[PDB]
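Peer 1: File run_24.cif follows (mmCIF, C-alpha atoms and all ligand atoms):
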data_start
#
loop_
_atom_site.group_PDB
_atom_site.id
_atom_site.type_symbol
_atom_site.label_atom_id
_atom_site.label_comp_id
_atom_site.auth_asym_id
_atom_site.auth_seq_id
_atom_site.Cartn_x
_atom_site.Cartn_y
_atom_site.Cartn_z
ATOM 1 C CA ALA A 18 20.695 -9.003 5.759
ATOM 2 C CA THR A 19 21.346 -5.203 5.914
ATOM 3 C CA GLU A 20 22.033 -5.028 2.103
ATOM 4 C CA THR A 21 18.293 -5.131 1.406
ATOM 5 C CA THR A 22 15.586 -2.483 2.013
ATOM 6 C CA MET A 23 13.985 -4.926 4.416
ATOM 7 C CA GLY A 24 17.287 -5.746 6.117
ATOM 8 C CA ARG A 25 18.252 -2.149 6.701
ATOM 9 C CA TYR A 26 14.703 -1.490 8.052
ATOM 10 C CA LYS A 27 14.939 -4.354 10.538
ATOM 11 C CA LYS A 28 18.472 -3.248 11.650
ATOM 12 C CA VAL A 29 17.115 0.303 12.247
ATOM 13 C CA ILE A 30 14.442 -1.101 14.556
ATOM 14 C CA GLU A 31 17.000 -3.248 16.383
ATOM 15 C CA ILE A 32 19.409 -0.354 16.817
ATOM 16 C CA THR A 33 17.031 2.611 17.549
ATOM 17 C CA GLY A 34 13.810 1.028 18.788
ATOM 18 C CA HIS A 35 14.527 1.565 22.485
ATOM 19 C CA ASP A 36 14.561 5.336 21.889
ATOM 20 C CA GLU A 37 10.926 6.487 22.217
ATOM 21 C CA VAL A 38 11.448 9.512 19.935
ATOM 22 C CA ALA A 39 13.047 7.305 17.259
ATOM 23 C CA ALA A 40 10.199 4.855 17.624
ATOM 24 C CA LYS A 41 7.471 7.523 17.133
ATOM 25 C CA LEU A 42 9.317 9.106 14.230
ATOM 26 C CA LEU A 43 9.641 5.755 12.506
ATOM 27 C CA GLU A 44 5.909 5.004 13.070
ATOM 28 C CA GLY A 45 5.304 8.375 11.416
ATOM 29 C CA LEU A 46 7.572 7.548 8.468
ATOM 30 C CA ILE A 47 5.774 4.277 7.760
ATOM 31 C CA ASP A 48 2.452 6.122 7.964
ATOM 32 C CA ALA A 49 3.712 8.855 5.572
ATOM 33 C CA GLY A 50 4.683 5.878 3.325
ATOM 34 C CA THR A 51 1.216 4.263 3.397
ATOM 35 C CA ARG A 52 -0.376 7.684 2.823
ATOM 36 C CA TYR A 53 1.675 8.341 -0.280
ATOM 37 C CA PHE A 54 1.115 4.756 -1.564
ATOM 38 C CA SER A 55 -2.625 5.180 -1.032
ATOM 39 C CA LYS A 56 -2.813 8.607 -2.785
ATOM 40 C CA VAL A 57 -0.826 7.265 -5.768
ATOM 41 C CA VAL A 58 -3.046 4.202 -6.181
ATOM 42 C CA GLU A 59 -6.262 6.243 -5.694
ATOM 43 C CA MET A 60 -5.068 8.671 -8.370
ATOM 44 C CA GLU A 61 -3.715 6.189 -10.869
ATOM 45 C CA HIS A 62 -6.855 4.218 -10.654
ATOM 46 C CA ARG A 63 -9.033 7.298 -11.313
ATOM 47 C CA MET A 64 -6.835 8.410 -14.221
ATOM 48 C CA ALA A 65 -7.236 4.915 -15.755
ATOM 49 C CA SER A 66 -10.985 4.935 -15.419
ATOM 50 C CA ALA A 67 -12.419 8.455 -15.084
ATOM 51 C CA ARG A 68 -11.856 9.062 -18.791
ATOM 52 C CA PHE A 69 -14.527 6.492 -19.690
ATOM 53 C CA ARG A 70 -17.152 8.728 -18.124
ATOM 54 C CA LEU A 71 -16.036 12.292 -17.245
ATOM 55 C CA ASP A 72 -15.978 15.207 -19.713
ATOM 56 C CA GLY A 73 -12.809 17.221 -20.186
ATOM 57 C CA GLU A 74 -13.352 19.938 -17.583
ATOM 58 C CA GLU A 75 -14.579 17.608 -14.801
ATOM 59 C CA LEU A 76 -11.599 15.376 -15.571
ATOM 60 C CA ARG A 77 -9.216 18.314 -15.561
ATOM 61 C CA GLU A 78 -10.412 19.506 -12.156
ATOM 62 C CA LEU A 79 -10.283 16.015 -10.674
ATOM 63 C CA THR A 80 -6.829 15.380 -12.100
ATOM 64 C CA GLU A 81 -5.528 18.601 -10.563
ATOM 65 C CA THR A 82 -6.935 17.896 -7.072
ATOM 66 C CA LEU A 83 -5.534 14.324 -7.058
ATOM 67 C CA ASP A 84 -2.241 15.528 -8.478
ATOM 68 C CA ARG A 85 -1.682 18.321 -5.952
ATOM 69 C CA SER A 86 -2.674 16.038 -3.061
ATOM 70 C CA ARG A 87 -0.319 13.261 -4.181
ATOM 71 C CA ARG A 88 2.570 15.727 -4.518
ATOM 72 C CA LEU A 89 1.960 17.071 -1.047
ATOM 73 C CA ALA A 90 1.902 13.472 0.273
ATOM 74 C CA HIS A 91 5.216 12.838 -1.504
ATOM 75 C CA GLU A 92 6.752 15.894 0.120
ATOM 76 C CA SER A 93 5.569 14.721 3.485
ATOM 77 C CA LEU A 94 7.142 11.304 2.854
ATOM 78 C CA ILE A 95 10.399 12.937 1.913
ATOM 79 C CA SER A 96 10.367 15.239 4.947
ATOM 80 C CA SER A 97 9.448 12.324 7.293
ATOM 81 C CA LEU A 98 12.406 10.353 5.971
ATOM 82 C CA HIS A 99 14.904 13.161 6.242
ATOM 83 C CA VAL A 100 13.776 14.107 9.705
ATOM 84 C CA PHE A 101 13.904 10.510 10.928
ATOM 85 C CA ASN A 102 17.377 9.777 9.509
ATOM 86 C CA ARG A 103 18.845 13.021 10.819
ATOM 87 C CA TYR A 104 17.614 12.061 14.313
ATOM 88 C CA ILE A 105 18.936 8.472 14.236
ATOM 89 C CA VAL A 106 22.269 9.501 12.707
ATOM 90 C CA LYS A 107 22.607 12.222 15.383
ATOM 91 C CA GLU A 108 21.908 9.805 18.187
ATOM 92 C CA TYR A 109 23.036 6.310 16.982
ATOM 93 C CA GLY A 110 25.352 7.268 14.065
ATOM 94 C CA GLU A 111 28.198 5.072 15.341
ATOM 95 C CA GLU A 112 26.045 2.019 15.954
ATOM 96 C CA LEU A 113 24.515 2.454 12.468
ATOM 97 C CA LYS A 114 27.949 2.602 10.823
ATOM 98 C CA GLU A 115 29.116 -0.462 12.767
ATOM 99 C CA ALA A 116 26.049 -2.344 11.566
ATOM 100 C CA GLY A 117 26.809 -1.641 7.906
ATOM 101 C CA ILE A 118 23.986 0.895 7.509
ATOM 102 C CA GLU A 119 25.710 4.209 7.996
ATOM 103 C CA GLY A 120 23.376 7.134 7.274
ATOM 104 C CA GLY A 121 20.235 5.278 8.407
ATOM 105 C CA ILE A 122 17.173 3.628 6.956
ATOM 106 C CA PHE A 123 17.638 4.607 3.286
ATOM 107 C CA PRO A 124 19.796 2.281 1.051
ATOM 108 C CA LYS A 125 21.192 5.212 -0.951
ATOM 109 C CA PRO A 126 24.046 7.580 -0.260
ATOM 110 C CA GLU A 127 23.564 9.171 -3.734
ATOM 111 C CA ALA A 128 19.732 9.276 -4.124
ATOM 112 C CA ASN A 129 18.376 10.357 -0.645
ATOM 113 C CA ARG A 130 17.204 13.667 -2.216
ATOM 114 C CA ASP A 131 15.696 11.851 -5.235
ATOM 115 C CA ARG A 132 11.901 12.185 -5.226
ATOM 116 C CA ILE A 133 11.384 9.093 -7.441
ATOM 117 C CA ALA A 134 14.037 6.915 -5.656
ATOM 118 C CA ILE A 135 12.398 7.772 -2.250
ATOM 119 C CA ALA A 136 9.033 6.743 -3.821
ATOM 120 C CA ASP A 137 10.651 3.570 -5.156
ATOM 121 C CA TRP A 138 12.201 2.825 -1.815
ATOM 122 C CA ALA A 139 8.857 3.348 -0.032
ATOM 123 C CA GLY A 140 7.130 0.963 -2.415
ATOM 124 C CA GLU A 141 9.730 -1.718 -1.790
ATOM 125 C CA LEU A 142 9.548 -1.346 2.001
ATOM 126 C CA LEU A 143 5.764 -1.345 2.173
ATOM 127 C CA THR A 144 5.473 -4.250 -0.318
ATOM 128 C CA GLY A 145 8.011 -6.320 1.635
ATOM 129 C CA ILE A 146 6.216 -5.726 4.931
ATOM 130 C CA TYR A 147 2.869 -6.649 3.396
ATOM 131 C CA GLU A 148 4.255 -9.796 1.707
ATOM 132 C CA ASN A 149 5.926 -10.904 4.938
ATOM 133 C CA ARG A 150 2.816 -10.440 7.007
ATOM 134 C CA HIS A 151 2.511 -13.162 9.595
ATOM 135 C CA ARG A 152 0.122 -16.038 9.157
ATOM 136 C CA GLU B 20 -5.055 -13.554 -17.321
ATOM 137 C CA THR B 21 -2.714 -11.510 -15.035
ATOM 138 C CA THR B 22 -4.085 -9.536 -12.062
ATOM 139 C CA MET B 23 -3.290 -6.307 -13.861
ATOM 140 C CA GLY B 24 -4.537 -7.512 -17.261
ATOM 141 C CA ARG B 25 -7.903 -8.470 -15.909
ATOM 142 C CA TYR B 26 -8.175 -5.181 -13.975
ATOM 143 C CA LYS B 27 -7.455 -3.269 -17.185
ATOM 144 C CA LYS B 28 -10.027 -5.284 -19.136
ATOM 145 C CA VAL B 29 -12.611 -4.698 -16.412
ATOM 146 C CA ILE B 30 -12.179 -0.920 -16.690
ATOM 147 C CA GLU B 31 -12.450 -1.023 -20.508
ATOM 148 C CA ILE B 32 -15.699 -3.056 -20.278
ATOM 149 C CA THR B 33 -17.338 -1.338 -17.332
ATOM 150 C CA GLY B 34 -15.700 2.112 -17.155
ATOM 151 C CA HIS B 35 -18.626 3.912 -18.839
ATOM 152 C CA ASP B 36 -21.027 2.670 -16.112
ATOM 153 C CA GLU B 37 -21.106 5.096 -13.141
ATOM 154 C CA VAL B 38 -22.504 2.523 -10.764
ATOM 155 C CA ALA B 39 -19.704 0.047 -11.721
ATOM 156 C CA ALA B 40 -17.062 2.788 -11.528
ATOM 157 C CA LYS B 41 -18.290 3.905 -8.105
ATOM 158 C CA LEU B 42 -18.277 0.363 -6.742
ATOM 159 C CA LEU B 43 -14.786 -0.235 -8.182
ATOM 160 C CA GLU B 44 -13.452 2.987 -6.587
ATOM 161 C CA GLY B 45 -14.868 1.549 -3.403
ATOM 162 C CA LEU B 46 -13.044 -1.736 -3.834
ATOM 163 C CA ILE B 47 -9.755 0.044 -4.656
ATOM 164 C CA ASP B 48 -10.188 2.249 -1.537
ATOM 165 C CA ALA B 49 -10.940 -0.755 0.675
ATOM 166 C CA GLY B 50 -7.894 -2.522 -0.801
ATOM 167 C CA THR B 51 -5.558 0.384 0.004
ATOM 168 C CA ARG B 52 -7.020 0.693 3.521
ATOM 169 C CA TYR B 53 -6.413 -3.024 4.058
ATOM 170 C CA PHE B 54 -2.854 -2.881 2.722
ATOM 171 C CA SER B 55 -2.131 0.171 4.888
ATOM 172 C CA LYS B 56 -3.584 -1.428 8.023
ATOM 173 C CA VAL B 57 -1.552 -4.603 7.542
ATOM 174 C CA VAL B 58 1.658 -2.617 7.066
ATOM 175 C CA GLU B 59 1.031 -0.535 10.192
ATOM 176 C CA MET B 60 0.124 -3.658 12.214
ATOM 177 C CA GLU B 61 3.206 -5.499 11.044
ATOM 178 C CA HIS B 62 5.373 -2.526 11.870
ATOM 179 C CA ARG B 63 3.889 -2.323 15.328
ATOM 180 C CA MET B 64 4.679 -6.001 15.908
ATOM 181 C CA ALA B 65 8.210 -5.699 14.632
ATOM 182 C CA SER B 66 8.933 -2.758 16.890
ATOM 183 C CA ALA B 67 7.100 -4.349 19.820
ATOM 184 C CA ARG B 68 8.908 -7.722 19.649
ATOM 185 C CA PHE B 69 11.813 -5.910 21.358
ATOM 186 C CA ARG B 70 9.763 -4.063 23.995
ATOM 187 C CA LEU B 71 7.227 -6.614 25.275
ATOM 188 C CA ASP B 72 7.276 -9.948 27.066
ATOM 189 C CA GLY B 73 5.764 -13.022 25.401
ATOM 190 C CA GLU B 74 2.386 -12.675 27.141
ATOM 191 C CA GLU B 75 2.068 -9.009 26.194
ATOM 192 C CA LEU B 76 3.195 -9.749 22.661
ATOM 193 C CA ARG B 77 0.656 -12.577 22.279
ATOM 194 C CA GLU B 78 -2.159 -10.293 23.496
ATOM 195 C CA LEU B 79 -1.070 -7.517 21.071
ATOM 196 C CA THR B 80 -0.853 -10.010 18.260
ATOM 197 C CA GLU B 81 -4.332 -11.324 19.009
ATOM 198 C CA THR B 82 -5.768 -7.791 19.052
ATOM 199 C CA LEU B 83 -4.143 -6.986 15.749
ATOM 200 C CA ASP B 84 -5.228 -10.283 14.182
ATOM 201 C CA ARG B 85 -8.832 -9.781 15.202
ATOM 202 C CA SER B 86 -8.810 -6.276 13.734
ATOM 203 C CA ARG B 87 -7.212 -7.663 10.634
ATOM 204 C CA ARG B 88 -9.909 -10.300 10.262
ATOM 205 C CA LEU B 89 -12.620 -7.688 10.527
ATOM 206 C CA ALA B 90 -10.955 -5.486 7.873
ATOM 207 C CA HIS B 91 -10.441 -8.546 5.658
ATOM 208 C CA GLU B 92 -14.193 -9.289 5.928
ATOM 209 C CA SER B 93 -14.780 -5.731 4.759
ATOM 210 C CA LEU B 94 -12.426 -6.159 1.755
ATOM 211 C CA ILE B 95 -14.243 -9.359 0.742
ATOM 212 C CA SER B 96 -17.577 -7.569 0.897
ATOM 213 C CA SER B 97 -16.366 -4.737 -1.425
ATOM 214 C CA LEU B 98 -14.996 -7.201 -3.903
ATOM 215 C CA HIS B 99 -18.208 -9.259 -3.906
ATOM 216 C CA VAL B 100 -20.542 -6.315 -4.229
ATOM 217 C CA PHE B 101 -18.520 -5.007 -7.200
ATOM 218 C CA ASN B 102 -17.890 -8.318 -8.955
ATOM 219 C CA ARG B 103 -21.482 -9.623 -8.661
ATOM 220 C CA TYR B 104 -22.670 -6.378 -10.275
ATOM 221 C CA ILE B 105 -20.327 -6.636 -13.282
ATOM 222 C CA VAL B 106 -20.899 -10.363 -13.710
ATOM 223 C CA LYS B 107 -24.673 -9.740 -13.763
ATOM 224 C CA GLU B 108 -24.568 -6.691 -16.022
ATOM 225 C CA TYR B 109 -21.608 -7.455 -18.326
ATOM 226 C CA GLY B 110 -21.439 -11.234 -18.164
ATOM 227 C CA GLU B 111 -21.176 -11.763 -21.896
ATOM 228 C CA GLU B 112 -18.685 -8.917 -22.515
ATOM 229 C CA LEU B 113 -16.594 -10.472 -19.720
ATOM 230 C CA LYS B 114 -16.942 -13.943 -21.349
ATOM 231 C CA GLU B 115 -15.977 -12.398 -24.745
ATOM 232 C CA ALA B 116 -12.936 -10.704 -23.147
ATOM 233 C CA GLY B 117 -11.689 -13.964 -21.575
ATOM 234 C CA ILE B 118 -12.440 -12.931 -17.988
ATOM 235 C CA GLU B 119 -15.793 -14.540 -17.307
ATOM 236 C CA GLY B 120 -15.356 -14.418 -13.524
ATOM 237 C CA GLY B 121 -14.976 -10.614 -13.419
ATOM 238 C CA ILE B 122 -12.097 -8.815 -11.700
ATOM 239 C CA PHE B 123 -11.010 -11.852 -9.664
ATOM 240 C CA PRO B 124 -10.081 -15.302 -11.161
ATOM 241 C CA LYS B 125 -13.044 -17.771 -11.548
ATOM 242 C CA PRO B 126 -13.356 -20.561 -8.906
ATOM 243 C CA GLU B 127 -11.769 -23.899 -9.844
ATOM 244 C CA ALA B 128 -12.463 -27.506 -8.786
ATOM 245 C CA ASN B 129 -9.079 -28.374 -10.403
ATOM 246 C CA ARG B 130 -6.403 -26.173 -8.717
ATOM 247 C CA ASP B 131 -6.045 -23.723 -5.753
ATOM 248 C CA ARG B 132 -6.633 -20.076 -6.488
ATOM 249 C CA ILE B 133 -5.084 -16.846 -5.391
ATOM 250 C CA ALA B 134 -5.916 -15.688 -1.871
ATOM 251 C CA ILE B 135 -7.807 -12.388 -1.837
ATOM 252 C CA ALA B 136 -5.137 -10.634 0.339
ATOM 253 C CA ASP B 137 -2.479 -11.792 -2.082
ATOM 254 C CA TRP B 138 -4.545 -10.617 -5.058
ATOM 255 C CA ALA B 139 -5.106 -7.195 -3.527
ATOM 256 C CA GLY B 140 -1.375 -6.825 -2.866
ATOM 257 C CA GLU B 141 -0.656 -7.749 -6.446
ATOM 258 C CA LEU B 142 -3.213 -5.310 -7.830
ATOM 259 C CA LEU B 143 -2.222 -2.380 -5.635
ATOM 260 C CA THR B 144 1.562 -2.936 -5.930
ATOM 261 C CA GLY B 145 1.154 -3.229 -9.704
ATOM 262 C CA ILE B 146 -0.723 0.102 -9.918
ATOM 263 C CA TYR B 147 1.902 1.768 -7.667
ATOM 264 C CA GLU B 148 4.889 0.426 -9.619
ATOM 265 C CA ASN B 149 3.336 1.553 -12.892
ATOM 266 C CA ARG B 150 2.485 5.054 -11.725
ATOM 267 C CA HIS B 151 3.391 8.124 -13.825
ATOM 268 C CA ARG B 152 6.763 9.514 -12.751
HETATM 269 CL CL CL C 201 25.110 3.408 3.594
HETATM 270 CL CL CL C 202 -12.207 -16.197 -15.191
#
Go through the file and emit its structure as C-alpha cells.
Ligand SMILES: [Cl-]
Ligand SMILES: [Cl-]
Peer 2:
Amino acid sequence: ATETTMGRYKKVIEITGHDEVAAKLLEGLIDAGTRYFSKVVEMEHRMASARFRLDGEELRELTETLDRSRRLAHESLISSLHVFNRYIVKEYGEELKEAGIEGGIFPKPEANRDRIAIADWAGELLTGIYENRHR
Amino acid sequence: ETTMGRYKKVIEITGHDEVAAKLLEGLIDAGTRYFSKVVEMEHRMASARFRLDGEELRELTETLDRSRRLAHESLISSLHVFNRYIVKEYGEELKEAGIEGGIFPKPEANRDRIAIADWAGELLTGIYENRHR
C-alpha cells in the first residue's frame, strides 16, 4: 500500500492522526494543495482563452497577476509540506520508518525540494482523493 | 471527442465572445470549488474514521454529503447556464466542429454518459497536468 502516493498518505493519517497538531498541519497541507491546484487551473484556463479577446497590455497585466499569485501559492504548498513533514518526523520518525515511509508523506527522498515534483505529487494526491470519493 | 479536446474546441469557437468567456470562467471556478470541497470533505472523513464512533461518523458523513449535494447542484447550474448559451449562439459552429452538444457530451438514448462530477475531474485534472512548468 505505502508504495503509492495514496498509500503513504493513508499511512500518515493512521500513524499521526491522534496528534492534534499533526492533524491540523495535515488539514493545512491539503488546503495549500487545493489552493495551488485551483490557482493553476484558473490561470491556465485564462491563458488559453484570454488571448481571444484581450489586447496585449491587458493580457500582460492579467498574466502577471495570475503568475505571481500562482507562484506564491506554490511556495505556500512547499512550505506547508516541509513544515508538516519536519513535525511528523520529529515526533513519529521511528513509527514512520517502521511503516516503510521514513521521512513522511512525500514519496521522494531525492525530490522533496523540487518545485515541480512537489506540484506533481500534489496533483496525484488530490486527484486520487477526488477519484476515490465515496458514493 | 475527449473532455480536453472538446474544451479546447469550445474556446476556439466561443473565446471571442465576452459573455461566453465570462460564463465559462464561472463554470471553471465552480468546478475547482467543487473539486476542492470534495477533497477537503474526503480528507476530513479519512482523518475522522479514526477519531469518531459509528454514530458520530454517520452524522458527519450525512452533513458532508448534504453539503456536497448542494455544491453539486451549483456546479450543474453553471454548466447549464454556459452550455445553453453556446448551443443557442454557436450551434452550427459547434455542429461543424463535431461537438454539437457544447462543452459536455450530447445525451444518448443508446449508451450511458459521463457523470458531471467525473467530467469535471477529468477537465480540471487535464488542465492541471498540462500546465506550463
Ligand atoms: Cl522514504
Ligand atoms: Cl456532442
Peer 1: Find the residues of chain A that sit at most 7 Å from ligand CL 201 (chain C); for each, write down the nearest two atoms and how far apart they are in Å, to one decimal. Count all atoms listed in the file. Sort by chain, then by number going up, and give it as a Markdown table.
Peer 2:
| residue | atom | partner | partner_atom | distance |
| --- | --- | --- | --- | --- |
| A:117 | CA | C:CL201 | CL | 6.9 |
| A:118 | CA | C:CL201 | CL | 4.8 |
| A:119 | CA | C:CL201 | CL | 4.5 |
| A:120 | CA | C:CL201 | CL | 5.5 |
| A:124 | CA | C:CL201 | CL | 6.0 |
| A:125 | CA | C:CL201 | CL | 6.3 |
| A:126 | CA | C:CL201 | CL | 5.8 |
Peer 1: Could you dump the residues just selected with C-alpha atoms as a compact mmCIF listing (two decimals), in the coordinates of the input?
Peer 2:
# COMPACT_ATOMS: atom_id res chain seq x y z
CA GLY A 117 26.81 -1.64 7.91
CA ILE A 118 23.99 0.90 7.51
CA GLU A 119 25.71 4.21 8.00
CA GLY A 120 23.38 7.13 7.27
CA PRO A 124 19.80 2.28 1.05
CA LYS A 125 21.19 5.21 -0.95
CA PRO A 126 24.05 7.58 -0.26
Peer 1: So which one's closest to residue 113 of chain A, A:96, A:22, A:33, A:129? Using all atoms listed in the file, please.
Peer 2: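 Answer, going by the shortest atom-to-atom distance: A:33.
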Peer 1: Give me the residues within 12 Å of residue 145 of chain A as a PyMOL selection string, counting all atoms listed in the file and dropping any in the same chain fewer than 3 places off.
Peer 2: (chain A and resi 21-24+26-27+138-142+148-151) or (chain B and resi 54+57-58+61-62+140-141+144)
Peer 1: Step by step, measure atom-to-atom distances between ligand CL 202 (chain C) and each residue using only C-alpha atoms and all ligand atoms, keep those at most 7 Å, then write them as a list in words.
Peer 2: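 Within the 7 Å cut-off, the matching residues are residues 117, 118, 119, 120, 121, 124 and 125 of chain B.
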Peer 1: Once the PyMOL selection byres ((chain A) within 6 of (chain B)) has been applied to the shown file, what residues remain in the selection, as an MDAnalysis selection string?
Peer 2: chainID A and resid 51 55 58 66 69:70 146:147
Peer 1: Find the smallest box with edges along x, y and z containing every listed atom of segment 133-150 of chain A, then add 3 Å on each side and report centre and edge lengths in Å to one decimal, as lines of an AutoDock Vina configuration file.
Peer 2:
center_x = 8.4
center_y = -0.9
center_z = -0.2
size_x = 17.2
size_y = 26.0
size_z = 20.4
Peer 1: Using all atoms listed in the file, find the one residue out of A:114, A:122, A:135, A:94 that sits nearest to residue 45 of chain A.
Peer 2: A:94
Peer 1: Calculate how many Å separate atom CA of residue 43 of chain A from atom CA of residue 144 of chain A, rounding to one decimal.
Peer 2: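 The value is 16.8 Å.
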Peer 1: For each of B:49, B:75, B:115, B:130, take the minimum atom-to-atom distance to residue 90 of chain B, counting all atoms listed in the file, then give the residue where this is smallest.
Peer 2: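 Looking only at the distances to residue 90 of chain B, the closest residue turns out to be B:49.
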Peer 1: Could you check the closest approach to residue 106 of chain A for each of A:121, A:18, A:133, A:93 and tell me which residue wins, using only C-alpha atoms?
Peer 2: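 Closest to residue 106 of chain A of all the choices is A:121.
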Peer 1: Taking the file as shown, what set of residues would the PyMOL selection byres (((chain B and resi 122) around 6) and not hetatm) give back, as a VMD selection string?
Peer 2: chain B and resid 25 to 26 121 123
Peer 1: Would you work out the distance separating atom CA of residue 92 of chain B from atom CA of residue 108 of chain B, expressed in Å to one decimal?
Peer 2: 24.4 Å
Peer 1: Quick one: distance from atom CA of residue 37 of chain A to atom CA of residue 108 of chain A in Å, one decimal?
Peer 2: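 Distance reported for this atom pair: 12.2 Å.
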Peer 1: Check what the PyMOL selection byres (((chain A and resi 86-89) around 8) and not hetatm) selects in the file above and give those residues as an MDAnalysis selection string.
Peer 2: chainID A and resid 53 56:57 60 82:85 90:93
Peer 1: Show which residues sit within 7 Å of segment 97-100 of chain B, as a ChimeraX atom specification. Count only C-alpha atoms, and ignore same-chain residues fewer than 3 positions away.
Peer 2: /B:45-46,93-94,103-104
Peer 1: Residues at most 9 Å from residue 76 of chain A, counting only C-alpha atoms, excluding those fewer than 5 positions away in the same chain, as an MDAnalysis selection string?
Peer 2: chainID A and resid 64 67:68 71 81
Peer 1: Could you take the residues named above and write them with C-alpha atoms, as a tab-separated table (two decimals), in the coordinates of the input?
Peer 2:
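What follows is the written file selection18.tsv:
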chain	number	residue	atom	x	y	z
A	64	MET	CA	-6.84	8.41	-14.22
A	67	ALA	CA	-12.42	8.46	-15.08
A	68	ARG	CA	-11.86	9.06	-18.79
A	71	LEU	CA	-16.04	12.29	-17.24
A	81	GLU	CA	-5.53	18.60	-10.56
